[PDB]
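The structure appears right after this line, and notes come after that.
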Amino acid sequence: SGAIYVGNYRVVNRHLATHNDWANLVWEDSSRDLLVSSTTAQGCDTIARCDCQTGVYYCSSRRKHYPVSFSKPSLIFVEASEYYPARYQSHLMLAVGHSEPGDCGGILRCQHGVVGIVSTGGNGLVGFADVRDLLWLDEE
Ligand SMILES: O=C1CN(C(=O)COc2ccccc2)CCN1
Ligand SMILES: O=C1CN(C(=O)COc2ccccc2)CCN1
Ligand SMILES: [Zn+2]
């Protein structure tokens with residue numbers, strides 16, 4: 001689990017969004033596994049605006065932050081998981097590391113702020129749903 005809190009937005013994995021998320025929907029994209037809902041209180045996170053390929057992510061199934069190198073956001077085939085069929089996921093970044101289903105929502109961050117959230121796992125990789133192209137998260 002986990003979310004990004006930027007201004008009056010909550011960014012979560014689409015597959016973990018609550019009824020309250022969907023009832024307060026700003027934007028959602030199944031292909032990216034992302035959903036954004038509205039908040040009352042302002043959030044503590046800043047979104048990275050950059051093309052960094054190195055950063056640190058939080059892994060709940062290890063209670064640890066890991067430094068990783070990761071691929072640029074691309075359209076990637078993902079093997080079936082507990083929460084999705086085998087399918088193509090877009091805007092996805094891969095790194096070598098540990099990721100289980102419960103790790104979804106862990107933040108990947110760089111020097112410029114939050115890059116993305118954990119979205120995929122298995123076969124010794126961790127995948128992150130990028131948010132750095134969502135410039136609209138920074139206003140309104
Ligand atoms: O037992 C299972 C079966 N799996 C699946 O059902 C894959 O599809 C989905 C589809 C919809 C919702 C959640 C998961 C993955 C591996 N474990
Ligand atoms: O303390 C941390 C962890 N962080 C997170 O991403 C928390 O996310 C997860 C994912 C699943 C459940 C609970 C937490 C922020 C930076 N360091
Ligand atoms: Zn960066």
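The figures here come from the full heavy-atom set of this structure, side chains too, leaving out hydrogens, waters and symmetry mates. One is the number of the first residue; the rest follow in order along the sequence.
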Supply the atom-to-atom distance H15 NE2 to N13 CG, rounded to the nearest 0.5 angstrom.
-> 5.0 Å

Under 3.5 Å, side-chain donor or acceptor atoms of residues 112-119 against the rest of the protein: list the pairs with distances, not counting sequence neighbours.
| unit_1 | atom_1 | unit_2 | atom_2 | d |
| --- | --- | --- | --- | --- |
| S119 | OG | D33 | OD2 | 2.7 |
| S119 | OG | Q89 | NE2 | 2.7 |

Heavy-atom check, side chain of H65 versus side chain of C59, under 4.5 Å | no

side-chain contact (heavy atoms from CB on, under 4.5 Å) assessment of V126 paired with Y57 = CA-CA 10 Å; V126 52; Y57 82 103; 3.9 Å; yes

Check each of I4, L135, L134 against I47 using the side chain to side chain contact (heavy atoms under 4.5 Å, CB included) test, and report the only one that passes.
-> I4

Could you check if a side-chain atom of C52 sits within less than 4.5 angstrom of a side-chain atom of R109, using non-hydrogen atoms only?
-> no

Report the C-alpha distance between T120 and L125 in whole Å, list the side-chain angles of each, state the deciding distance to 0.1 Å, and finish with yes or no for side-chain contact (heavy atoms from CB on, under 4.5 Å).
-> CA-CA 8 Å; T120 76; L125 306 189; over 6 Å; no

Out of curiosity, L25 CG to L35 CG, how far, rounded to the nearest 0.5 Å?
-> 5.0 Å

State plainly whether one hydrophobic cluster holds both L137 and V12, where clusters connect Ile, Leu, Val, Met, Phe, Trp and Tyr through side-chain heavy atoms under 4.5 angstrom apart.
-> no

Taking every non-hydrogen atom, the tightest pair across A95 and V68 = CB-CB, 3.8 Å

CG/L108 to OH/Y66 distance, rounded to the nearest 0.5 angstrom?
-> 14.5 Å

Give a yes or no on whether the backbone of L16 and the side-chain of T18 come within a donor-acceptor separation of less than 3.5 Å.
-> no

Say you draw a straight line from CD of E100 to OG of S81; how long is it, rounded to the nearest 0.5 Å?
-> 12.5 Å

More than 12 foreign heavy atoms under 6.0 Å from OH of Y88: is that the case here?
-> no

Side chains of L34 and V11 in contact at under 4.5 Å (non-hydrogen atoms) | yes

Under 3.5 Å: donor-acceptor pair, side chain of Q53, backbone of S69 = no

Who else is in the cluster with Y83 when I, L, V, M, F, W and Y are joined by side-chain contacts under 4.5 Å?
-> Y84

Under 3.5 Å side-chain donor-acceptor pair for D29 and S31 | yes

With side chains defined as the heavy atoms from C-beta onward, is the minimum distance between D133 and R32 less than 4.5 Å?
-> yes

Could you tell me whether a side-chain N or O of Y9 sits under 3.5 Å from a main-chain N or O of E139, the two making a donor and an acceptor?
-> yes

For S38, all residues meeting side-chain contact (heavy atoms from CB on, under 4.5 Å), sequence neighbours excluded | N24, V26

Given side chains that start at C-beta, do those of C110 and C50 come closer than 4.5 Å, heavy atoms only?
-> yes

Ion pair check, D45 and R10, cut-off under 4.0 Å | no

Looking at CG of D103 and CZ of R62, how far apart are the two atoms once the value is rounded to the nearest 0.5 Å?
-> 8.0 Å

Between atom CD1 of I76 and atom CG of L94, what is the distance when rounded to the nearest 0.5 Å?
-> 5.5 Å

Identify the heavy atoms of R49 and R132 that sit nearest to each other, and give their distance.
-> NH1-O, 2.7 Å

Given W27 and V36, is the side-chain contact (heavy atoms from CB on, under 4.5 Å) satisfied, shown in steps?
-> CA-CA 5 Å; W27 170 85; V36 183; 3.8 Å; yes

Working for side-chain contact (heavy atoms from CB on, under 4.5 Å), residues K64 and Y58 | CA-CA 6 Å; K64 276 202 191 43; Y58 179 65; 5.9 Å; no

Determine the minimum heavy-atom distance between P67 and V56, stating which atoms define it.
-> CA-CG2, 4.0 Å

